[PDB]
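1. experimental structure and its sequence below.
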Amino acid sequence: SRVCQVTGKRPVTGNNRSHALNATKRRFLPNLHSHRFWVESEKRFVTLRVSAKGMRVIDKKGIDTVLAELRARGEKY
Amino acid sequence: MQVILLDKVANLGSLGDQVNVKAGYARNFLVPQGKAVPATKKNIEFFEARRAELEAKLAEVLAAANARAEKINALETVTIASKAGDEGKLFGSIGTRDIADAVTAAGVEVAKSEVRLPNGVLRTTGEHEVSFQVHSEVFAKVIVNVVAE
RNA sequence: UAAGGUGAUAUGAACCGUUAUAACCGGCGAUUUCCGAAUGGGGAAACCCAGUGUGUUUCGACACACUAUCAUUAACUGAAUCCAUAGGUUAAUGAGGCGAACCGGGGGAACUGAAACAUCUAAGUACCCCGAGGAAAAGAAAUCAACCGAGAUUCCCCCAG
RNA sequence: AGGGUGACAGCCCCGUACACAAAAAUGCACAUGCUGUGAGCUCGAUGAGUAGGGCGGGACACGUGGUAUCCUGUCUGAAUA
RNA sequence: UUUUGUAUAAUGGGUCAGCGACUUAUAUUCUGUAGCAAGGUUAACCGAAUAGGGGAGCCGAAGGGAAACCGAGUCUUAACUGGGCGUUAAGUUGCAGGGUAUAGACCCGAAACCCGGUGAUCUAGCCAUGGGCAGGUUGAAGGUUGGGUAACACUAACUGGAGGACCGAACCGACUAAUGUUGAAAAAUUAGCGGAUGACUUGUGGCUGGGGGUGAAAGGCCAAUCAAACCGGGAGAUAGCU
RNA sequence: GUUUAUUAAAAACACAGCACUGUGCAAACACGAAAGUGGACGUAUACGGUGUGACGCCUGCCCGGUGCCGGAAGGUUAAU
RNA sequence: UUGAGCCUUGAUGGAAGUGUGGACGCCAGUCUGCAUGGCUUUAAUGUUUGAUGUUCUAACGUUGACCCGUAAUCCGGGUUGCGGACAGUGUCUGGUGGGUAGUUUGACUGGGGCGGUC
RNA sequence: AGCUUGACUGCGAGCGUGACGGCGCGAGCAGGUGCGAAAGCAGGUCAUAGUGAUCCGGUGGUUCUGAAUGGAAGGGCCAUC
Ligand SMILES: [Mg+2]
Ligand SMILES: [Mg+2]
Ligand SMILES: [Mg+2]
Ligand SMILES: [Mg+2]
Ligand SMILES: [Mg+2]
Ligand SMILES: [Mg+2]
Ligand SMILES: [Mg+2]
Ligand SMILES: [Mg+2]
Ligand SMILES: [Mg+2]
Ligand SMILES: [Mg+2]
Ligand SMILES: [Mg+2]
Ligand SMILES: [Mg+2]
Ligand SMILES: [Mg+2]
Ligand SMILES: [Mg+2]
Ligand SMILES: [Mg+2]
Ligand SMILES: [Mg+2]
Ligand SMILES: [Mg+2]
Ligand SMILES: [Mg+2]
Ligand SMILES: [Mg+2]
Ligand SMILES: [Mg+2]
Ligand SMILES: [Mg+2]
Ligand SMILES: [Mg+2]
Ligand SMILES: [Mg+2]
Ligand SMILES: [Mg+2]
Ligand SMILES: [Mg+2]
Ligand SMILES: [Mg+2]
Ligand SMILES: [Mg+2]
Ligand SMILES: [Mg+2]
């Protein structure tokens, strides 16, 4: 399930449009990565599957806060 | 990705300066490994007050006994002296506890030789006012009265 | 409620009733085999096989109940690693399947029209997928207006082919 | 009104208009009790990887057009009455 | 019926009875008709419900110009002796009809395209596991022993028992002919025919699913069908043809 | 040996042999948006593709064209 | 290491004598420093800014070994080894691309085609 | 051969010829010009082929338009590719 545990980003459907302007269904899908984040708050490595941006959001909001979500949303982590 | 530092830190470190570092270095080394922290604004005052409640606070908490010599600005009672010799001149020296003898009942009592003038200690008149070790900055003033017996 | 009754083909039989427990109709209960979400394990549906508790002047054995999975919670346990996490067992709750249309969302054709055909169209239609209510969705302005003003969302008629 | 009864029925039958009825289980209203639950004033606060932008798509009757507005796969990124 | 033309030897119809094709909705214009008339008329909704309310609005009474604008005129051009389009004819709303537009638009009919399902009980290939091959020949390697060589070579008997080996039933196939061809039979019967220890043959169960499989490769096979299965759906596809 | 089950069994397919060419193993290649899997519990005396088609004697010339391999200058050249 | 900027200490804009490397030096100078003796043409650092190269580890890979969950060829955590900011993946982008897809490929014509014509 | 730019601009009674889109001929009117002493002739070439609708877009001109208002973008109009 190519889905960014932090930001909720899944894949989307769009066309390709040629020069001739030709519709060809397709998918944009997230730049996912699943990274090993250190917590200290938990002396352990929680290893989320994250989209770049999901990453940036952790770099801003703070991991302890992002894991605060999920936990509070039902997700595993 | 700015973040503020904890420990020193190679090409930027400074116990708490304000650097802007590449994302990776940080979330992958500096932080989660105790060396820095996001510049979360909440923090740039959290680690800026210390720069106030300290570098301008405890750097003022030092000044509470100016020169330490407060009301000792009129010399101190000459209980005895500090010695003499050479039938007129000087000959005797100050043991590792012999500059108190005179000012030997004023402030508080101690007994050590934090020597300050690495000379043969000039042998003449008697009463002089250099400084002595009162602290890492200030000084003090008093005199020395010999003994005629 | 009553003088008639024991559903039908479908008689007959043996009976039940006539002033209140015949029958009939309605409210509430009881019983409700097996299979089926099917849930103890299995399985070629309606069948095979268990474990744990019980229980018999004949306490062998054979009858009765519980034992699926998942989720939240709680108790007890408890690794690499000593703390701690993971893990493990038990308990209480809930979910599970089904089914008209209407609804919200996820994906999403083509024939065909263009008197060919690729932009365009058919269409966000068919169809698949998920979820829900009696409705759903939407909703109380970072909206319009136009220098006057209006004052959420939904629906209808116009504006206007 | 309508149906039936040995042919077409206001007055044979069942009905119809009308007027009535529930021990029980429920629906909805109201009046109350229980558990909750928060009410009113004053002083505040006032939704950032957000708005915006590059790129690629998609939505708007609008097929990138001179194209505002909206959603966002990717890369970025404000102000703060 | 189609045709330049059909007794035509072109089409269709065995006969009868029942059914069987120009409709409906919304617009829009015209004719007929009715009302009202420089006016006509309401929609939604309200309702005292086929009334009455509701005139939002639509059409008409004014055009010209791309337009600003002007206005029974206006545009063109600097301006027109002028020219174009207008000023001189009543409309509107019902109702019935004629046409048109949008819809399956008069009825039936394709080959096909797309979506979701159902099918390896026929068949292709593979996997596991089981079974089958009467009878009769040929007689490889190797082996023993003789002869043989200096020793090997070589050589003769015997021994042995190979082979997509031979002949031939079962079994597997299917080369020819006749029959059959409203059959016994939607692919066979009969007489002959190839393989028959193998790249053999067969039972049971398994797996591969449709632009996919499988294919010792014929476009072969995938449930009497396959240059893209079957069933449902889009669907009354479209049919300038009949 | 195989084949058009149902008008073609052949001179077609296949075949052992031969060549070319890819592949250093998490192989190339293939099924599959992926996980997973075949290749292969194999490892260049192996595995794939293409062609030829026992065996004998042999397999000449041509690299313009198409295709393929190689090329660290210049020319031209996308987002940015 | 290296292309270019800024900050600087030496070049263009406590005397005389016994003594030294580099040089556009108007063609024949004098210097630019080396010892002593009663805002614009030049060299090194601190640097700021990009390029090239080593190595590093700490993202990331591990279809090497081990530990535990776990009597388990999955997975998960853990340790160790190898690798290592490469590889790989997301968006954008140029090339390739009948492997796959939708189509197109006119009419007149003494039948059609060829030829011819439009 | 001399002088020239009538290969003009605005229009056009009235005809031809076309299903149509369109093409063609035209005296005369206004402004302005050339040649001629003058009457006068000239809105190309003796005539009849020498061509390509619409759309999109370019260029110049022009306040006609221009979504709160002033501007502008875009649009129209004239010319033209
Ligand atoms: Mg059961
Ligand atoms: Mg079961
Ligand atoms: Mg098509
Ligand atoms: Mg078409
Ligand atoms: Mg609601
Ligand atoms: Mg106001
Ligand atoms: Mg706010
Ligand atoms: Mg004829
Ligand atoms: Mg005749
Ligand atoms: Mg006939
Ligand atoms: Mg089978
Ligand atoms: Mg044989
Ligand atoms: Mg035989
Ligand atoms: Mg036979
Ligand atoms: Mg063929
Ligand atoms: Mg078949
Ligand atoms: Mg079908
Ligand atoms: Mg359709
Ligand atoms: Mg049809
Ligand atoms: Mg043969
Ligand atoms: Mg055949
Ligand atoms: Mg045959
Ligand atoms: Mg090979
Ligand atoms: Mg061949
Ligand atoms: Mg040959
Ligand atoms: Mg050759
Ligand atoms: Mg094709
Ligand atoms: Mg033709």
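-> Arrived safely, thanks for sending. Residues are numbered from 1 along each chain as shown, chains lettered A, B, ... in the order given. Ligands and ions are numbered 1, 2, ... in the order given.

2. nearest to chain B: which residue in chain A?
-> Chain B sits closest to residue A:38 of chain A, with a gap of 3.2 Å, by C-beta to the nearest C-beta. Heads up, the C-betas are built off the backbone N, CA and C, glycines and all.

3. show me what contacts the residue in chain B that RNA strand D sits nearest to?
-> Nearest residue of chain B to RNA strand D, counting by C-beta to the nearest atom of the strand: residue B:1, 7.5 Å away. Contact partners of residue B:1, counting by C-beta atoms under 8 Å, 6 or more residues apart in numbering or on different chains, are A:59, B:20, B:21, B:22, B:23, B:26, B:27, B:38.

4. between those, which has the most around it?
-> Among the contacts of residue B:1, the one with the most neighbours (other C-beta atoms under 10 Å in any protein chain shown) is residue B:27, at 23 neighbours.

5. how close does that residue get to residue A:63?
-> Between residue B:27 and residue A:63 the computed distance is 9 Å (C-beta to C-beta, to the nearest Å).

6. mind listing the residues bridging to the residue of chain A closest to chain B?
-> Residue A:38 has these beta-bridge partners by DSSP bridges: residue A:45.

7. ok, now which ones touch it?
-> The contact partners of residue A:38, taken as C-beta under 8 Å, 6+ apart, are A:45, A:63, B:31, B:32, B:33.

8. what about residue A:57, is that helix, strand or coil?
-> Following DSSP: H, G, I helix; E, B strand; the rest coil, we place residue A:57 in the helix state.

9. strands of chain B, residue ranges please.
-> Here chain B has its strands, by DSSP state E, at B:4-5, B:36-37.

10. quick one on the thing from earlier: now, which of the contacts of residue A:38 sits nearest RNA strand C?
-> Each of these was scored against RNA strand C by C-beta to the nearest atom of the strand, and residue A:45 proved nearest at 9.8 Å.

11. from the contacts of residue B:1, pick the one nearest residue B:12.
-> Distances from residue B:12 to these, taken as C-beta to C-beta, are shortest for residue B:21 (6.9 Å).
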